[PDB]
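Presented below is the structure to which this report refers.
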Ligand SMILES: CCCCCCCCCCCCCCCCCC(=O)OC[C@H](COP(=O)([O-])OCC[N+](C)(C)C)OC(=O)CCCCCCCCCCCCCCCCC
Ligand SMILES: CCCCCCCCCCCCCCCCCC(=O)OC[C@H](COP(=O)(O)OCCN)OC(=O)CCCCCCCCCCCCCCCCC
Ligand SMILES: CCCCCCCCCCCCCCCCCC(=O)OC[C@H](COP(=O)(O)OCCN)OC(=O)CCCCCCCCCCCCCCCCC
Ligand SMILES: CCCCCCCCCCCCCCCCCC(=O)OC[C@H](COP(=O)(O)OCCN)OC(=O)CCCCCCCCCCCCCCCCC
Ligand code: SF4
Ligand code: SF4
Ligand code: SF4
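Chains as they are written, first to last, in PDB author numbering: chain q, 5 to 47; chain j, 5 to 86; chain A, 1 to 115; chain h, 1 to 55; chain H, 1 to 318; chain 9, 1 to 176; chain d, 156 to 340; chain g, 14 to 127; chain 6, 24 to 179.
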């Protein structure tokens, strides 16, 4: 028969989970950048 | 509240304000249902006109028994001192 | 002089953008297009009923912190004085008393609303 | 998938993800709109024998 | 020849508002994966003319129940205070170079609330009343930081003159010493001019349109081009406070192009915030500018009072 | 076989507490949301250019109704009233009598296009494929009674769209 | 029309008032112009306004009745009024200020060419002046609304329905039992 | 013949409840004319309320007049709270309807109705 | 004549201004509200045509009656339409708003929204697709384009 069927090896696996890539610096790095900007502006 | 005659005059004035009451046939001892020929609804809006004039709430068990202006002015004499 | 000319020009071509918006289009007015809008239905009462301000204590305390920004505001000029430690003490005194007022409004549940 | 590599790299950075592998705009990867003729199978009771309906 | 100087100021910032409507719709479109207007003219350049002509030929609809005098006076004062806050802004030489133009800007920010306020009161509807007292609840929150942040940024300037504020930033941008005041002034100017996430007076989903729910076309347009003129003015004001460019007195056009493009980038930043954020509940606005921004604002006020004294960097008052 | 959304107990060490306080003060997730919006700023938008482009469809699409014909000129409708019987909105009115050659044909075949719910029971109930629900959806009218088709408008729509409905039924009738 | 079509039902409505009229909407929309001008305070001309639903039901009953062929009907209202107390009743239903003044024939026909200098829809004209200050003639011999089975509805039962549109806000919550009805003649 | 009552034991308490409902509507009619800004008078409204009460004047069944009291209270609550509009109150005054035939000869003239 | 050409170009300008920036009001009732939101969605995209939502009826031009008109929302619809400033337009979307639809014989359905408001463009379907609704809006623009307001005023 010729019918809507999945292919020979099935389909590929499908991701269904969360992926949040964890970008950005650390907290210490961000406060260091901010306080260094403060000190350069003050000088 | 001062005189019973003034209360009876105010009662008859409120009764002659209403349209369906004949001011000739209206008396102190006229019956609303069997003499004047009124329905119950006419009598109940008469009693609510009495509430609007005298200014107090009249319940239903003692407005059921108001079939003549005699009992009207006597019950208003009951609710006040006079 | 130039400030009054500027304000008069702004008011003039701000009121000549209004009166050319009335006499130019076609007015077909009947007494349902001018009724109040209560999302399609009739209004329940009037719109002049008292809309009770739950945020009334903060509404008063805005005045007492708006007098602060009349007192704290001459500080770019008071930096220019020759008596500077007293100026520093009075300025930090005023922001310190403002913050004590803000903390007393904090902890006694004043910045929150009623009900 | 017509965006040049500077906009593509800026877009991958600002999303923080990899976008050209999973595009929401469809391209040549979809099925063709003109399909071959199907031949659907029949039900299990399409039989010329033992087809008494009460059973 | 001062009248021509006023007209060549306030006519282009009426054309820039009309094209800010187009930039608003198209940037809001492309950031929301669709397109903006591109059918009316060549890639949208004529949709502002359509919005200009269509509104001033539609029926004005004065309501019956509305107190008509305040109802007409409110958009007049709206567009007047949208126009008159452009005159001390140095471009690099302002129209009216006031000694204390910062206080002129702050005071006309204070007076511009009453257009919204009289519009929500006079247009006799319940949604307009809610939109007027939410404007009260918004203004009592942003005016109690809009003075201290604007004050503590000037403690490195010395005076309340906007033309001096280029001389102050001739070496470094002023965002580098006062970036918490910058990132808090930015939210104070968001919550000032009723832009998302602090719409809250034209709250389109709590109310219908809030204070201007009764304003049909014509009188509505003088709040439309008032609010957009105020946000372009406010981007130019934040640019002159924190990102004041290089000024050659022989070539003012370098400064003019530079703060033009910085103000365009901050207006695109406003459109890029409005296309991204949920809207606050308006008590959260009040519990932000009082409970969160205000203690750090007072702390940085102490810091910027004490710090030029601490560093012998007390600026000149001349 | 179940999972707990929002049952994350956050860590209470000074590193992660400093990270969350940096998230609070310096607004990390706000920059994340603005970055995702900026990433959608630089894409190709999915706005097709109607009316010079058209929305993608299928040959099964349910649009404007039409009465077809055989490839001899004869109309297919043999007046058997199944289409008005299964019609869930009762939009079809059929009145029939023998015509001048005695064949069983209709005299009134009305489809009220404003009662009609376009569900396609009439194109599957018709034993001769007379009534079909063709491809046309751009048949909006300026007046209500122009959406009350008689037999004549349906035969004219069949003569109009036969060059498409024949190919659609040719591509589709093996599933039916 | 009578001589070229011998059965033409000619109908004479006296003066029609309604929602989209130019009779009460004219008397109410001279309020902020300067004080409702009249000639000799408008106590010299007499009107009887007929209500528009009565005129429309008269037209329906003229279509229905074969006896109503070729007649000349005169539709009038039940109450006749002077113009002065009519305008009293108009400015007393709308709850408006009212300070009338006599504008004589020296210059009240010239306020036409002073007040239709625009080519648009005219507010007043000299024909409107000559028709508002024209009395309604009485023609008792003609059949009226009584002779087509129509009860003529007077002014006072529908004037609030007409003129609620012009009240500002301060007496929109008023009643019909507040204004005393105008004097008939 | 022994069924469960609704609120009234016999006709007397039922007449008391009908009477109090008529009291409530007699008090209600001026407010309904006022706040809905109708075009009717209090005389006309109270005579229409009298007609609506006398429309059901033939019932001697206590449960039926109890349900009529309850449905009148529903009409009253939909009128005090502004849930009816101007149109839902003016549906009682059938004004747009043409005058219907009553006698035999006009019903003979217009149609086949008995 | 000359002034005929003047009022012709003025009609062309104001009819172009009205058909070029039609502002629909946020009015959905039933299933057709979903497809009208698809006509706002980034595929079919009303906003490229100058077609943008204003929730207030005071500042809208076309009222797309997208859904079914029951008895309980007939005066609400009429008051909403009455609170739209002239010129105002009405597009009847879907079969229930057109002529009663699938609930035509029901006890509490107003059989078509032309019994309540004047209707300009009837868009048929159940639901009409967002492309078909967009076709109805562009046909409304073709209807506004051949208006002759100032030409008839000059010729009246
Ligand atoms: C000026 C031009 C633009 C500049 C760039 C701007 C880019 C970012 C734009 C963001 C737009 C966001 C739109 C509105 C967002 C509203 C929500 C929000 O964020 O609310 C504010 C949030 C609110 O926090 P919250 O609401 O999450 O907190 C909850 C609070 N309770 C528990 C009470 C309910 O954060 C703040 O209020 C912080 C304000 C800024 C902090 C800046 C700190 C600077 C560093 C100081 C020193 C620290 C080190 C220690 C001492 C060192 C001394 C040397
Ligand atoms: C510093 C610069 C500031 C600029 C600000 C504004 C920016 C955008 C300006 C507009 C951009 C281009 C717009 C083009 C519109 C389409 C023109 C057109 O072709 O219209 C055709 C139409 C019908 O003509 P038809 O005879 O049918 O043509 C068929 C040909 N066989 O014919 C018509 O519609 C009639 C002719 C219309 C012409 C309109 C021209 C544009 C007007 C815009 C206002 C600004 C004017 C210029 C200002 C700067 C210079 C002083
Ligand atoms: C029905 C209701 C009313 C309807 C009408 C409404 C009218 C318009 C309302 C909007 C305008 C309100 C103006 C309020 C006062 C503003 C004062 C001002 O601009 O001050 C700033 C500035 C200070 O700078 P300075 O240090 O003096 O620098 C000059 C040195 N070369 O000052 C200067 O530089 C000085 C320049 C000269 C100043 C002249 C006097 C000021 C103008 C007052 C006009 C009247 C204000 C009326 C306000 C009504 C508000 C509703
Ligand atoms: C004495 C001589 C003068 C007499 C009085 C003249 C008064 C002003 C006249 C302005 C032009 C009027 C004519 C308007 C267009 C008429 C022709 C037409 O129909 O053009 C249509 C065409 C677009 O076709 P469309 O069907 O919309 O496109 C669908 C997509 N294929 O449209 C286009 O291509 C664009 C149309 C643009 C129209 C002109 C630009 C706007 C008007 C500018 C001037 C007025 C503005 C006043 C101030 C407003 C604020 C700046
Ligand atoms: S599509 Fe459905 S509702 Fe329409 S005519 Fe066919 S059977 Fe009837
Ligand atoms: S259209 Fe088909 S189902 Fe309907 S009567 Fe004709 S032949 Fe029969
Ligand atoms: S016409 Fe049909 S599909 Fe459309 S809204 Fe109505 S019920 Fe839903």
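Beta carbons: idealized from backbone N, C-alpha and C, even for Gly.
The three-state reading of DSSP puts residue 25 (chain j) in coil, since its state is none of H, G, I, E or B.
Pairing residue 168 (chain d) with residue 201 (chain d) gives a Cβ-Cβ distance that is not under 8 Å. DSSP places residue 115 (chain 6) in no alpha helix (DSSP H) but in the uninterrupted beta strand (DSSP E) bounded by 112-116. Closest by C-alpha distance to residue 41 (chain A), out of 31 (chain 6), 102 (chain 6) and 136 (chain 6), is 102 (chain 6). If you look at residue 231 (chain H), you'll find it in the alpha helix (DSSP H) that goes 221-242. Non-local beta-carbon contacts of residue 59 (chain g) in its own chain, meaning distances under 7 Å to residues more than five positions away in sequence, involve 39 and 42 in chain order. For the 8 Å CB-CB criterion, residue 45 (chain 9) and residue 33 (chain H) form a contact.
Under DSSP, the beta-bridge partners assigned to residue 257 (chain d) are 193 (chain d). For a Cβ distance threshold of 8 Å, residue set 319, 327 and 328 of chain d lies close to residue 50 (chain g), ordered along the chain.
Distance from the Cα of residue 166 (chain 9) is smallest, within the candidate group 176 (chain 9), 100 (chain 9), 69 (chain 9) and 125 (chain 9), for 69 (chain 9).
Restricting attention to 175 (chain 6), 135 (chain 6) and 59 (chain 6), the CA atom closest to the CA of residue 154 (chain 6) is found in 59 (chain 6). For residue 105 (chain 9), the enclosing beta strand (DSSP E) begins and ends at 104-112.
Beyond the five residues adjoining it in sequence on each side, residue 43 (chain A) comes within less than 6 Å, by CB distance, of 36 in the same chain, given in chain order.
Residue environment analysis places residue 123 (chain 9) among the buried positions, since at least 16 neighbouring C-beta atoms fall within 10 angstroms of its C-beta. Using a Cβ-Cβ cut-off of 8 Å, residue 145 (chain 6) is close to 114, 140, 141, 142, 143, 144, 146 and 147 of chain 9, given in chain order.
Under the 8 Å criterion on CB atoms, residue 174 (chain d) is classed as interfacial with respect to chain A.
Assigned with DSSP and collapsed to three states, residue 165 (chain d) falls in strand. Looking at the DSSP output, residue 38 (chain A) shares a beta bridge with 41 (chain A). Residue environment analysis places residue 28 (chain 6) among the exposed positions, since fewer than 16 neighbouring C-beta atoms fall within 10 angstroms of its C-beta. Taking non-hydrogen atoms of ligand 3 into account, the C-beta of residue 237 (chain H) is found less than 7 Å away from none of them. Of the heavy atoms belonging to ligand 6, none sits nearer than 7 Å to the Cβ of residue 153 (chain 9). As DSSP reads the structure, residue 36 (chain h) sits in no beta bridge. For residue 88 (chain 6), there is no enclosing alpha helix (DSSP H); the residue is found in the beta strand (DSSP E) stretching over 85-89. The DSSP-derived three-state label of residue 96 (chain 9) is strand. Taking 8 Å as the upper bound for CB-CB distance, residue 79 (chain H) and residue 17 (chain A) are in contact here, some 7 Å apart. Minimum Cα-Cα distance from residue 69 (chain g) among the listed residues 23 (chain g), 117 (chain g) and 31 (chain g) corresponds to 31 (chain g). Note that the C-beta distance between residue 263 (chain H) and residue 235 (chain H) is below 8 Å.
At a cut-off of 8 Å between C-beta atoms, residue 311 (chain H) counts as an interface residue with respect to chain q. Within chain d, the residues placing a beta-carbon under 9 Å from that of residue 67 (chain H) are 323 and 324, ordered along the chain. Burial is judged here by how many other beta carbons sit within 10 angstroms of a residue's own beta carbon; residue 74 (chain g) has fewer than 16 and is exposed. Distance between residue 151 (chain H) and residue 159 (chain 6), taken at the CA atoms: about 57 Å. In this structure, 114 (chain 6) is the residue among 114 (chain 6), 24 (chain 6), 119 (chain 6) and 162 (chain 6) with its C-alpha nearest to the C-alpha of residue 86 (chain 6). The Cβ-Cβ distance between residue 5 (chain q) and residue 41 (chain h) falls below 8 Å. Between residue 116 (chain H) and residue 211 (chain H) the beta-carbon gap is near 5 Å, inside 8 Å, which marks them as a contact.
Relative to the Cα of residue 41 (chain 6), the nearest Cα in the group 254 (chain H), 54 (chain H) and 155 (chain H) belongs to 54 (chain H). Only exposed fits residue 42 (chain H), as fewer than 16 other CB atoms lie within 10 angstroms of its CB.
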